[PDB]
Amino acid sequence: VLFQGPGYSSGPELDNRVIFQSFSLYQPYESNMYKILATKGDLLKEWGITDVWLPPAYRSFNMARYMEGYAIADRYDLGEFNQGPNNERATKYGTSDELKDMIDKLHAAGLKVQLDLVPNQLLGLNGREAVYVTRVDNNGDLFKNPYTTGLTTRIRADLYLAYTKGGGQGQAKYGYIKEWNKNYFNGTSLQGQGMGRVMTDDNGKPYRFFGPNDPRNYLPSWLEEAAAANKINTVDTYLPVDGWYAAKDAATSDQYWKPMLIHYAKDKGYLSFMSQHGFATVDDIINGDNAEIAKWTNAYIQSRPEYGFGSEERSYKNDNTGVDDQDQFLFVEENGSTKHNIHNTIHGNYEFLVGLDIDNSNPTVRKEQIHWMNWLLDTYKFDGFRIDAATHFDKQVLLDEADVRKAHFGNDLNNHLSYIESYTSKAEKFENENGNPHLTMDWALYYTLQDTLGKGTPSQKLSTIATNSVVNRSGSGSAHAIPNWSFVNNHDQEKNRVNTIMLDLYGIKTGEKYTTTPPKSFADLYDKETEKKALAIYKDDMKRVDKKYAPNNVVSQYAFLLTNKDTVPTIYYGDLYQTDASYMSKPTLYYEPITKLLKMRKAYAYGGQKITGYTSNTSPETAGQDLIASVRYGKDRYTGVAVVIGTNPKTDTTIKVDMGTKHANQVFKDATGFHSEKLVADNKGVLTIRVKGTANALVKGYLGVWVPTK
């Protein structure tokens, strides 16, 4: 008879929680965020923040676009080891010691903290192995080049040298797995090593070198000296095109190490490139200093598609996410079979995103993940986890994560939140089937807010904000709402909008079919100057009236988000603060209105919820098209709030907003500051509200947020 597992239940208790997403991608590499955030506990308390989502604190691949901590080179180095640029301890955000102290101070302020947990992938390991690859999309289905030739790929169980082995000193010291390798990955996003990277004969047989004596060797005439000598650069017996070998005087002479491209017959273009770079003859190379050899012989490698992305059939989708997740190799065996199970995700497919995709179906990997989570709670005292890419790996890991929390904190779920990053309703089904061990992300309301209120001149009925949510708030509300965390904006969706600007600047349309023209690559073109330009554009756009890129009616969105019954709302860092400035140095035009909306919620956001649709002059036919009221009735006469919203600047109507009988003959005041009229509720607690349409930077249509005196 076991009693381990209430699960989350949506109700007034859980509705008390508010998550602050503490970070964006565009924060500067300043190694100071922890030191600063350590001081903000009281401020956060004022707003009714209960939980702080912290960035992924792990060591970043050094060439990561944002250095943010999702491209993980070492999963156990959170600013502890000397593995940063110039062997610094600090991550983007600061040292482990600073992280420890900051968590200490934030607990001291009565807040909880979640780490951004990243089970899906690693990126940027230093050591290569040989794998077989099949060219597949994000779902692991054979890739069909839909934006180029439309041909089904013939890259099927082909030989490839990938970066698959490493993991840093953290892993090596604290890990269950001590080193990652190819066996532990379902595959990798294209690494631009090229399909001709292994040295082959004229038919297609790879060259092999196990040892000097070995009868399993298969080399050409010329390498037999280096073979007997045992001086060939190899990878798992295979010969890489970039590899060097003892050219003249094999044994007992290590001053004649030379690029083996010299007599690699299949490449007919190298010797000629070295011609037009000083080294005119076969033997001019065999002499010259390897500084200027290496320099030039390398730059050749990069010019050849057989040795780069040019042979790997990139999708060239140029998705505004900044990742073409159809750019994958599945790790297969020689016959094209695979040990890797890629259909255990919440999606059912969609195993692949970016980087070295972790085989979360491998029982050793699964033990490694439990070990990892354990070590994180134990070492850092996080209270829970924001689960990154939760819908793109073996979902067992999610259930294991819940057990890790149970083992740590018991049935005290509410004070130990976990919330999964989700953009599909399959997350809802999964959660409900398993007793709701996590908060599911309200993706649906996010897109619904963007279409009704985010868009200038909305083409979608504003009333849809009631229905088009993981929680259906129409009529009386949801009797049994799914436990959920909701948002108006986040680090990804912002980055999307910025990338859209960059694409515009680069002259690239996402999804364009390149039949007759050369395809263009966002990835190849990415540069910091263009990013700087795009950021400048983005911020200006927020401040303008007829916004082009940034969303309209940010305050209207938050006013709805922060007054909804049955949800944990999220406050996004970059909605309150300029995204690319020093951490919490510069507020936005939305800072004042939102922080106020926060004090309001904390004071007034109690009781039943009712959403009434209205007619306006602008829509006399269909009620709720452009005008609505989202009412929290209050628990007592002194709580509750009427959120009135319209989407048309012209609108000129007077509507009746019923607050219930307990709000009879009571003074209501707009908490937003937008209207300074003092309304009095009638006999029955109805408000007569004159709706004067407007258009500036904050509002397009109408916002009123009417709260009683106390």
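One rule holds for the numbers: they count along the sequence shown, beginning at 1.
Enquirer: Report the stretch with the higher mean CA temperature factor, choosing between 385 to 393 and 611 to 619 on the basis of the entry.
Expert: Per the PDB record, 611 to 619.
Enquirer: Got a sec? Mean C-alpha B-factor, which is higher, 598 to 606 or 266 to 274?
Expert: It is 266 to 274.
Enquirer: By the entry's C-alpha temperature factors, tell me which of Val136, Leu535, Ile420, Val241 sits highest.
Expert: Highest C-alpha B-factor among the listed residues goes to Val241.
Enquirer: Going by the deposited entry, which of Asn86, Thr424, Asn181, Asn320 has the highest CA temperature factor?
Expert: Of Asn86, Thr424, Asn181, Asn320, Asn86 has the highest C-alpha B-factor.
Enquirer: Ranking the modelled residues of this chain by C-alpha B-factor as given in the entry, is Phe331 in the lowest, middle or highest third?
Expert: Answer is lowest: the recorded C-alpha B-factor places it there.
Enquirer: Using the B-factor values recorded in the entry, state whether the Cα atom of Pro28 falls in the lowest, middle or highest third among the modelled residues of its chain.
Expert: Middle third of the chain for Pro28's C-alpha B-factor.
Enquirer: Ranking every modelled residue in this chain by its Cα temperature factor as given in the entry, which third contains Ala227?
Expert: For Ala227, the deposited C-alpha B-factor lands in the highest third.
Enquirer: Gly127: which third of its chain by C-alpha temperature factor?
Expert: Tercile = middle for this residue's CA B-factor.
Enquirer: Considering only modelled residues of the same chain, in which third does the CA B-factor of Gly634 rank: lowest, middle or highest?
Expert: According to the entry, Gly634 has a C-alpha B-factor in the chain's middle third.
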